[PDB]
file target-v4.cif (mmCIF, C-alpha atoms; chains and numbers go by the auth columns)
data_query
#
loop_
_atom_site.group_PDB
_atom_site.id
_atom_site.type_symbol
_atom_site.label_atom_id
_atom_site.label_comp_id
_atom_site.label_asym_id
_atom_site.label_seq_id
_atom_site.Cartn_x
_atom_site.Cartn_y
_atom_site.Cartn_z
_atom_site.B_iso_or_equiv
_atom_site.auth_seq_id
_atom_site.auth_asym_id
ATOM 1 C CA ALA A 1 20.506 -33.587 26.581 0.00 1 A
ATOM 2 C CA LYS A 2 22.129 -30.289 25.452 0.00 2 A
ATOM 3 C CA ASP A 3 21.925 -27.995 22.374 0.00 3 A
ATOM 4 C CA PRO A 4 18.340 -27.818 20.976 0.00 4 A
ATOM 5 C CA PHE A 5 19.556 -27.066 17.417 0.00 5 A
ATOM 6 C CA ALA A 6 21.595 -30.322 17.393 0.00 6 A
ATOM 7 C CA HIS A 7 18.798 -32.389 15.769 0.00 7 A
ATOM 8 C CA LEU A 8 19.145 -30.159 12.658 0.00 8 A
ATOM 9 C CA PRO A 9 21.692 -30.864 9.854 0.00 9 A
ATOM 10 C CA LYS A 10 24.498 -28.561 8.581 0.00 10 A
ATOM 11 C CA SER A 11 23.750 -24.876 9.292 0.00 11 A
ATOM 12 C CA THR A 12 23.770 -23.269 5.811 0.00 12 A
ATOM 13 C CA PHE A 13 23.898 -19.596 6.904 0.00 13 A
ATOM 14 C CA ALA A 14 26.710 -18.507 9.254 0.00 14 A
ATOM 15 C CA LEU A 15 25.435 -16.408 12.144 0.00 15 A
ATOM 16 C CA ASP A 16 28.891 -15.967 13.697 0.00 16 A
ATOM 17 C CA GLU A 17 30.244 -14.602 10.381 0.00 17 A
ATOM 18 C CA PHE A 18 27.296 -12.202 9.959 0.00 18 A
ATOM 19 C CA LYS A 19 27.930 -10.871 13.505 0.00 19 A
ATOM 20 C CA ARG A 20 31.275 -9.396 12.331 0.00 20 A
ATOM 21 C CA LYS A 21 30.164 -7.374 9.287 0.00 21 A
ATOM 22 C CA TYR A 22 26.999 -6.434 11.191 0.00 22 A
ATOM 23 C CA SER A 23 28.908 -3.708 13.115 0.00 23 A
ATOM 24 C CA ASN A 24 32.323 -3.945 11.381 0.00 24 A
ATOM 25 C CA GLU A 25 30.885 -2.848 8.008 0.00 25 A
ATOM 26 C CA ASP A 26 28.313 -0.544 6.328 0.00 26 A
ATOM 27 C CA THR A 27 25.492 -3.025 7.182 0.00 27 A
ATOM 28 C CA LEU A 28 22.930 -1.123 5.027 0.00 28 A
ATOM 29 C CA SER A 29 24.810 -2.394 1.912 0.00 29 A
ATOM 30 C CA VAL A 30 27.009 -5.054 3.595 0.00 30 A
ATOM 31 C CA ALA A 31 25.217 -7.270 6.127 0.00 31 A
ATOM 32 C CA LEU A 32 21.708 -6.410 4.816 0.00 32 A
ATOM 33 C CA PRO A 33 22.259 -7.591 1.197 0.00 33 A
ATOM 34 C CA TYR A 34 24.375 -10.570 2.468 0.00 34 A
ATOM 35 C CA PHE A 35 21.348 -11.431 4.703 0.00 35 A
ATOM 36 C CA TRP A 36 18.505 -10.850 2.189 0.00 36 A
ATOM 37 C CA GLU A 37 20.027 -12.847 -0.721 0.00 37 A
ATOM 38 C CA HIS A 38 20.121 -16.325 0.749 0.00 38 A
ATOM 39 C CA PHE A 39 19.086 -16.127 4.412 0.00 39 A
ATOM 40 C CA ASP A 40 17.911 -19.614 5.545 0.00 40 A
ATOM 41 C CA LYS A 41 14.075 -19.279 5.671 0.00 41 A
ATOM 42 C CA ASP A 42 13.830 -23.113 5.858 0.00 42 A
ATOM 43 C CA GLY A 43 15.580 -23.062 9.300 0.00 43 A
ATOM 44 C CA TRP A 44 16.509 -19.627 10.747 0.00 44 A
ATOM 45 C CA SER A 45 13.538 -17.364 11.624 0.00 45 A
ATOM 46 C CA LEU A 46 12.954 -13.757 12.783 0.00 46 A
ATOM 47 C CA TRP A 47 11.039 -12.989 15.964 0.00 47 A
ATOM 48 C CA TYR A 48 9.788 -9.450 16.651 0.00 48 A
ATOM 49 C CA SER A 49 9.185 -8.436 20.276 0.00 49 A
ATOM 50 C CA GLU A 50 7.978 -5.168 21.912 0.00 50 A
ATOM 51 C CA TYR A 51 8.160 -6.138 25.644 0.00 51 A
ATOM 52 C CA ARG A 52 4.379 -6.600 26.178 0.00 52 A
ATOM 53 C CA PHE A 53 4.722 -5.275 29.801 0.00 53 A
ATOM 54 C CA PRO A 54 6.593 -1.953 29.206 0.00 54 A
ATOM 55 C CA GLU A 55 4.776 -0.758 32.389 0.00 55 A
ATOM 56 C CA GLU A 56 7.554 -2.738 34.127 0.00 56 A
ATOM 57 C CA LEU A 57 10.102 -0.088 32.906 0.00 57 A
ATOM 58 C CA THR A 58 10.813 3.046 34.993 0.00 58 A
ATOM 59 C CA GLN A 59 14.396 4.347 34.383 0.00 59 A
ATOM 60 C CA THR A 60 17.032 4.184 31.596 0.00 60 A
ATOM 61 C CA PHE A 61 20.220 2.881 33.288 0.00 61 A
ATOM 62 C CA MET A 62 18.476 -0.291 34.556 0.00 62 A
ATOM 63 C CA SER A 63 16.751 -1.597 31.398 0.00 63 A
ATOM 64 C CA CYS A 64 20.056 -2.108 29.509 0.00 64 A
ATOM 65 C CA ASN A 65 21.160 -4.219 32.538 0.00 65 A
ATOM 66 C CA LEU A 66 17.788 -6.091 32.647 0.00 66 A
ATOM 67 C CA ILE A 67 17.831 -7.061 28.920 0.00 67 A
ATOM 68 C CA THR A 68 21.368 -8.260 29.400 0.00 68 A
ATOM 69 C CA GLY A 69 20.437 -10.292 32.552 0.00 69 A
ATOM 70 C CA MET A 70 18.104 -12.269 30.274 0.00 70 A
ATOM 71 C CA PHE A 71 20.998 -12.725 27.794 0.00 71 A
ATOM 72 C CA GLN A 72 23.127 -14.256 30.614 0.00 72 A
ATOM 73 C CA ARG A 73 20.454 -16.989 31.088 0.00 73 A
ATOM 74 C CA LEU A 74 20.388 -17.309 27.281 0.00 74 A
ATOM 75 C CA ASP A 75 24.223 -17.754 27.240 0.00 75 A
ATOM 76 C CA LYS A 76 23.943 -21.355 26.028 0.00 76 A
ATOM 77 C CA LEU A 77 21.440 -19.961 23.409 0.00 77 A
ATOM 78 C CA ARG A 78 23.430 -17.210 21.612 0.00 78 A
ATOM 79 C CA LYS A 79 25.593 -20.047 20.153 0.00 79 A
ATOM 80 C CA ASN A 80 22.691 -20.548 17.640 0.00 80 A
ATOM 81 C CA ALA A 81 20.698 -17.237 17.975 0.00 81 A
ATOM 82 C CA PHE A 82 21.099 -13.385 18.025 0.00 82 A
ATOM 83 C CA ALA A 83 19.067 -10.203 18.604 0.00 83 A
ATOM 84 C CA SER A 84 19.358 -6.408 18.370 0.00 84 A
ATOM 85 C CA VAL A 85 17.279 -5.379 21.419 0.00 85 A
ATOM 86 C CA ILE A 86 16.933 -1.570 21.920 0.00 86 A
ATOM 87 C CA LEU A 87 15.841 0.397 25.017 0.00 87 A
ATOM 88 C CA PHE A 88 13.670 3.346 23.957 0.00 88 A
ATOM 89 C CA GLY A 89 11.750 6.298 25.438 0.00 89 A
ATOM 90 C CA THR A 90 13.106 7.679 28.758 0.00 90 A
ATOM 91 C CA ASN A 91 12.338 7.001 32.495 0.00 91 A
ATOM 92 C CA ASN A 92 8.795 8.348 32.210 0.00 92 A
ATOM 93 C CA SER A 93 7.634 5.922 29.499 0.00 93 A
ATOM 94 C CA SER A 94 10.336 3.529 28.347 0.00 94 A
ATOM 95 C CA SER A 95 9.813 0.453 26.116 0.00 95 A
ATOM 96 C CA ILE A 96 12.021 -2.400 24.926 0.00 96 A
ATOM 97 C CA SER A 97 11.604 -3.615 21.374 0.00 97 A
ATOM 98 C CA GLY A 98 13.707 -5.578 18.905 0.00 98 A
ATOM 99 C CA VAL A 99 14.020 -8.589 16.639 0.00 99 A
ATOM 100 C CA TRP A 100 15.663 -11.902 17.529 0.00 100 A
ATOM 101 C CA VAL A 101 16.812 -14.869 15.439 0.00 101 A
ATOM 102 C CA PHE A 102 16.563 -18.556 16.444 0.00 102 A
ATOM 103 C CA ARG A 103 17.555 -21.607 14.356 0.00 103 A
ATOM 104 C CA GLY A 104 14.364 -23.723 14.086 0.00 104 A
ATOM 105 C CA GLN A 105 10.579 -23.500 13.695 0.00 105 A
ATOM 106 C CA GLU A 106 10.382 -22.279 17.322 0.00 106 A
ATOM 107 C CA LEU A 107 11.841 -19.334 19.173 0.00 107 A
ATOM 108 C CA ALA A 108 14.300 -21.566 21.129 0.00 108 A
ATOM 109 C CA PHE A 109 12.834 -20.535 24.516 0.00 109 A
ATOM 110 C CA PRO A 110 10.068 -23.250 24.117 0.00 110 A
ATOM 111 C CA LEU A 111 12.799 -25.715 23.005 0.00 111 A
ATOM 112 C CA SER A 112 14.261 -25.653 26.525 0.00 112 A
ATOM 113 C CA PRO A 113 12.622 -24.734 29.906 0.00 113 A
ATOM 114 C CA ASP A 114 16.144 -23.470 30.690 0.00 114 A
ATOM 115 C CA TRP A 115 14.862 -20.269 29.007 0.00 115 A
ATOM 116 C CA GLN A 116 11.243 -19.857 30.204 0.00 116 A
ATOM 117 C CA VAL A 117 11.690 -17.442 33.130 0.00 117 A
ATOM 118 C CA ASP A 118 10.271 -13.930 32.512 0.00 118 A
ATOM 119 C CA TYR A 119 10.052 -14.294 28.711 0.00 119 A
ATOM 120 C CA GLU A 120 6.221 -14.453 28.936 0.00 120 A
ATOM 121 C CA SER A 121 6.036 -10.652 29.553 0.00 121 A
ATOM 122 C CA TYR A 122 7.477 -10.176 26.002 0.00 122 A
ATOM 123 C CA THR A 123 5.732 -10.961 22.693 0.00 123 A
ATOM 124 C CA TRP A 124 7.370 -13.313 20.175 0.00 124 A
ATOM 125 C CA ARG A 125 6.009 -13.720 16.583 0.00 125 A
ATOM 126 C CA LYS A 126 7.622 -15.317 13.474 0.00 126 A
ATOM 127 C CA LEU A 127 7.515 -13.002 10.423 0.00 127 A
ATOM 128 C CA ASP A 128 8.168 -13.305 6.659 0.00 128 A
ATOM 129 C CA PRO A 129 11.686 -12.582 5.220 0.00 129 A
ATOM 130 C CA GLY A 130 9.967 -11.227 2.097 0.00 130 A
ATOM 131 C CA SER A 131 7.280 -9.124 3.719 0.00 131 A
ATOM 132 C CA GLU A 132 7.416 -5.322 3.542 0.00 132 A
ATOM 133 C CA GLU A 133 7.348 -4.699 7.310 0.00 133 A
ATOM 134 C CA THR A 134 9.862 -7.313 8.535 0.00 134 A
ATOM 135 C CA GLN A 135 12.375 -6.006 5.938 0.00 135 A
ATOM 136 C CA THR A 136 11.944 -2.420 7.187 0.00 136 A
ATOM 137 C CA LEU A 137 11.912 -3.373 10.914 0.00 137 A
ATOM 138 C CA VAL A 138 15.077 -5.480 10.388 0.00 138 A
ATOM 139 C CA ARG A 139 16.768 -2.616 8.479 0.00 139 A
ATOM 140 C CA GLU A 140 15.963 -0.252 11.387 0.00 140 A
ATOM 141 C CA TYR A 141 16.878 -2.650 14.191 0.00 141 A
ATOM 142 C CA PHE A 142 20.112 -3.679 12.341 0.00 142 A
ATOM 143 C CA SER A 143 21.264 -0.321 11.031 0.00 143 A
ATOM 144 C CA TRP A 144 19.806 1.862 13.850 0.00 144 A
ATOM 145 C CA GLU A 145 19.379 4.528 11.077 0.00 145 A
ATOM 146 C CA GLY A 146 15.852 3.430 10.036 0.00 146 A
ATOM 147 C CA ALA A 147 13.239 5.776 11.573 0.00 147 A
ATOM 148 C CA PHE A 148 11.678 3.789 14.487 0.00 148 A
ATOM 149 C CA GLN A 149 8.362 5.633 13.862 0.00 149 A
ATOM 150 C CA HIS A 150 6.609 2.263 14.467 0.00 150 A
ATOM 151 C CA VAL A 151 7.899 2.683 18.070 0.00 151 A
ATOM 152 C CA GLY A 152 7.410 6.505 18.125 0.00 152 A
ATOM 153 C CA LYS A 153 9.645 6.653 21.260 0.00 153 A
ATOM 154 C CA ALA A 154 13.388 7.498 20.744 0.00 154 A
ATOM 155 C CA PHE A 155 16.277 5.010 20.051 0.00 155 A
ATOM 156 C CA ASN A 156 18.277 5.914 23.189 0.00 156 A
ATOM 157 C CA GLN A 157 20.304 2.741 23.978 0.00 157 A
ATOM 158 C CA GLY A 158 20.844 -0.244 21.669 0.00 158 A
ATOM 159 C CA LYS A 159 22.040 -3.682 22.909 0.00 159 A
ATOM 160 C CA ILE A 160 23.195 -6.786 20.959 0.00 160 A
ATOM 161 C CA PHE A 161 22.667 -10.504 21.901 0.00 161 A
ATOM 162 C CA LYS A 162 26.054 -11.737 20.534 0.00 162 A
#
call {"tool": "encode", "arguments": {"input": "target-v4.cif", "output": "structure tokens"}}
result
Amino acid sequence: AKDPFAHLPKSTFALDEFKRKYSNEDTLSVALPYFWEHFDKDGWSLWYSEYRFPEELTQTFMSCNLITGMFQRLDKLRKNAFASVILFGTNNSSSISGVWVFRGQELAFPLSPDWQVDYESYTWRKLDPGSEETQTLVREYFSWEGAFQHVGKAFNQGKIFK
């Protein structure tokens, strides 16, 4: 009665390795190609979110703290999941968006009511690792260089769920 991704076999792809080159290297041609060659689309999955209640946001300094407060509940989760959550906009109209990774068919939150607090106010959808959009969104959320025009806010403050 611990670790939801313990029913699964050997983990092919190595999240904790990827997390180094992700920021240690030129991800655009380092982590990106090393992620898009042989991901693990049988087991890992990508989950886009855009904080479905961005009305709840009304500063900048606080939202970075808020995102992270979630991550401190999800502290027994990061051991088999990651995300690149970004705070956008400003006080006047902020938003949180980002893409998360969880190691099963589900987003991990439903795999344990340990992690079913305020998550409902955020969207969570699986997407295809050979779409067009997912590949762009990932590149933007992972490089921070992308364009973020799909948000149309501004990038202000990134956060990582490592």
call {"tool": "closest_residue", "arguments": {"input": "target-v4.cif", "among": "A:159, A:19, A:74, A:33", "to": "residue 113 (chain A)", "atoms": "all atoms listed in the file"}}
result
A:74
call {"tool": "resolve_selection", "arguments": {"input": "target-v4.cif", "expression": "the PyMOL selection byres ((chain A and resi 118-133) around 6)", "output": "NGL selection string"}}
result
:A and (46-49 or 51-53 or 116-117 or 134-137)
call {"tool": "closest_residue", "arguments": {"input": "target-v4.cif", "among": "A:25, A:43, A:81, A:160", "to": "residue 9 (chain A)", "atoms": "only C-alpha atoms"}}
result
A:43
call {"tool": "resolve_selection", "arguments": {"input": "target-v4.cif", "expression": "the PyMOL selection byres ((chain A and resi 101) around 9)", "output": "ChimeraX atom specification"}}
result
/A:44-48,80-83,99-100,102-103,107
call {"tool": "closest_residue", "arguments": {"input": "target-v4.cif", "among": "A:97, A:156, A:24, A:29", "to": "residue 84 (chain A)", "atoms": "all atoms listed in the file"}}
result
A:97
call {"tool": "atom_distance", "arguments": {"input": "target-v4.cif", "atom1": "CA of residue 112 (chain A)", "atom2": "CA of residue 8 (chain A)"}}
result
15.4 Å
call {"tool": "closest_residue", "arguments": {"input": "target-v4.cif", "among": "A:58, A:50, A:64, A:76", "to": "residue 150 (chain A)", "atoms": "all atoms listed in the file"}}
result
A:50
call {"tool": "closest_residue", "arguments": {"input": "target-v4.cif", "among": "A:23, A:149, A:63, A:143", "to": "residue 95 (chain A)", "atoms": "all atoms listed in the file"}}
result
A:63
call {"tool": "axis_aligned_box", "arguments": {"input": "target-v4.cif", "around": "region 12-17 of chain A", "padding_each_side": "5 Å", "output": "lines of an AutoDock Vina configuration file"}}
result
center_x = 27.0
center_y = -18.9
center_z = 9.8
size_x = 16.5
size_y = 18.7
size_z = 17.9
call {"tool": "atom_distance", "arguments": {"input": "target-v4.cif", "atom1": "CA of residue 91 (chain A)", "atom2": "CA of residue 69 (chain A)"}}
result
19.1 Å
call {"tool": "residues_near_point", "arguments": {"input": "target-v4.cif", "point": "(17.8, 2.1, 20.0)", "cutoff": "8 Å", "atoms": "all atoms listed in the file", "output": "list in words"}}
result
residues 85, 86, 87, 88, 141, 144, 154, 155, 156, 157, 158 and 159 of chain A
call {"tool": "write_last_selection", "arguments": {"input": "target-v4.cif", "atoms": "C-alpha atoms", "output": "short mmCIF file (atom, residue, chain, number, x, y, z; two decimals), in the frame of the given file"}}
result
data_model
loop_
_atom_site.label_atom_id
_atom_site.label_comp_id
_atom_site.auth_asym_id
_atom_site.auth_seq_id
_atom_site.Cartn_x
_atom_site.Cartn_y
_atom_site.Cartn_z
CA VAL A 85 17.28 -5.38 21.42
CA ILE A 86 16.93 -1.57 21.92
CA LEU A 87 15.84 0.40 25.02
CA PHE A 88 13.67 3.35 23.96
CA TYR A 141 16.88 -2.65 14.19
CA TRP A 144 19.81 1.86 13.85
CA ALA A 154 13.39 7.50 20.74
CA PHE A 155 16.28 5.01 20.05
CA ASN A 156 18.28 5.91 23.19
CA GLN A 157 20.30 2.74 23.98
CA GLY A 158 20.84 -0.24 21.67
CA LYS A 159 22.04 -3.68 22.91
#
call {"tool": "atom_distance", "arguments": {"input": "target-v4.cif", "atom1": "CA of residue 139 (chain A)", "atom2": "CA of residue 12 (chain A)"}}
result
22.0 Å
call {"tool": "closest_residue", "arguments": {"input": "target-v4.cif", "among": "A:79, A:41, A:73, A:20", "to": "residue 3 (chain A)", "atoms": "only C-alpha atoms"}}
result
A:79
call {"tool": "build_atoms", "arguments": {"input": "target-v4.cif", "residues": "region 62-84 of chain A", "atoms": "N, CA, C and O atoms", "output": "short mmCIF file (atom, residue, chain, number, x, y, z; two decimals), in the coordinates of the input"}}
result
data_model
loop_
_atom_site.label_atom_id
_atom_site.label_comp_id
_atom_site.auth_asym_id
_atom_site.auth_seq_id
_atom_site.Cartn_x
_atom_site.Cartn_y
_atom_site.Cartn_z
N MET A 62 18.80 1.03 34.05
CA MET A 62 18.48 -0.29 34.56
C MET A 62 18.06 -1.22 33.42
O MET A 62 18.38 -2.41 33.44
N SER A 63 17.38 -0.73 32.39
CA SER A 63 16.75 -1.60 31.40
C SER A 63 17.81 -2.28 30.52
O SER A 63 17.69 -3.46 30.21
N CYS A 64 18.89 -1.57 30.20
CA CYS A 64 20.06 -2.11 29.51
C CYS A 64 20.63 -3.31 30.29
O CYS A 64 21.01 -4.33 29.70
N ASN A 65 20.67 -3.19 31.62
CA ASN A 65 21.16 -4.22 32.54
C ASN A 65 20.19 -5.41 32.56
O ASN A 65 20.61 -6.56 32.52
N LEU A 66 18.88 -5.12 32.59
CA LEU A 66 17.79 -6.09 32.65
C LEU A 66 17.77 -6.99 31.41
O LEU A 66 17.82 -8.21 31.55
N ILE A 67 17.74 -6.38 30.22
CA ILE A 67 17.83 -7.06 28.92
C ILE A 67 19.00 -8.03 28.99
O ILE A 67 18.88 -9.22 28.69
N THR A 68 20.15 -7.48 29.37
CA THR A 68 21.37 -8.26 29.40
C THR A 68 21.27 -9.40 30.42
O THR A 68 21.75 -10.48 30.13
N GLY A 69 20.59 -9.23 31.56
CA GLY A 69 20.44 -10.29 32.55
C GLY A 69 19.75 -11.51 31.95
O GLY A 69 20.17 -12.65 32.19
N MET A 70 18.75 -11.27 31.09
CA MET A 70 18.10 -12.27 30.27
C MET A 70 19.14 -12.96 29.40
O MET A 70 19.22 -14.19 29.38
N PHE A 71 19.98 -12.19 28.69
CA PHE A 71 21.00 -12.72 27.79
C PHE A 71 21.98 -13.64 28.53
O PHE A 71 22.53 -14.53 27.90
N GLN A 72 22.22 -13.42 29.83
CA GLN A 72 23.13 -14.26 30.61
C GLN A 72 22.47 -15.60 30.98
O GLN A 72 23.18 -16.58 31.19
N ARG A 73 21.13 -15.69 31.04
CA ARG A 73 20.45 -16.99 31.09
C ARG A 73 20.56 -17.65 29.72
O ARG A 73 20.77 -18.86 29.59
N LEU A 74 20.42 -16.86 28.66
CA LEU A 74 20.39 -17.31 27.28
C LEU A 74 21.83 -17.35 26.73
O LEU A 74 22.09 -17.04 25.57
N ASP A 75 22.79 -17.77 27.56
CA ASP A 75 24.22 -17.75 27.24
C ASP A 75 24.57 -19.03 26.48
O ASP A 75 25.30 -19.02 25.49
N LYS A 76 23.94 -20.15 26.85
CA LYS A 76 23.94 -21.36 26.03
C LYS A 76 22.98 -21.28 24.84
O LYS A 76 22.77 -22.31 24.20
N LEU A 77 22.37 -20.12 24.53
CA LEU A 77 21.44 -19.96 23.41
C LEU A 77 22.10 -19.19 22.27
O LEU A 77 22.00 -19.60 21.12
N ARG A 78 22.78 -18.09 22.59
CA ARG A 78 23.43 -17.21 21.61
C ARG A 78 24.33 -17.95 20.61
O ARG A 78 24.54 -17.49 19.49
N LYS A 79 24.84 -19.12 20.99
CA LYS A 79 25.59 -20.05 20.15
C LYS A 79 24.83 -20.55 18.92
O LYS A 79 25.41 -21.28 18.12
N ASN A 80 23.53 -20.26 18.80
CA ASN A 80 22.69 -20.55 17.64
C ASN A 80 21.52 -19.54 17.59
O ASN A 80 20.42 -19.90 17.18
N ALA A 81 21.72 -18.28 18.03
CA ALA A 81 20.70 -17.24 17.98
C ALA A 81 21.29 -15.85 18.25
O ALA A 81 22.34 -15.76 18.89
N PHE A 82 20.65 -14.77 17.82
CA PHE A 82 21.10 -13.38 18.02
C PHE A 82 19.90 -12.46 18.13
O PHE A 82 18.79 -12.87 17.81
N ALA A 83 20.10 -11.23 18.59
CA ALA A 83 19.07 -10.20 18.60
C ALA A 83 19.71 -8.83 18.68
O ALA A 83 20.87 -8.71 19.11
N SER A 84 18.93 -7.80 18.36
CA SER A 84 19.36 -6.41 18.37
C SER A 84 18.43 -5.55 19.22
O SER A 84 17.92 -4.51 18.78
#
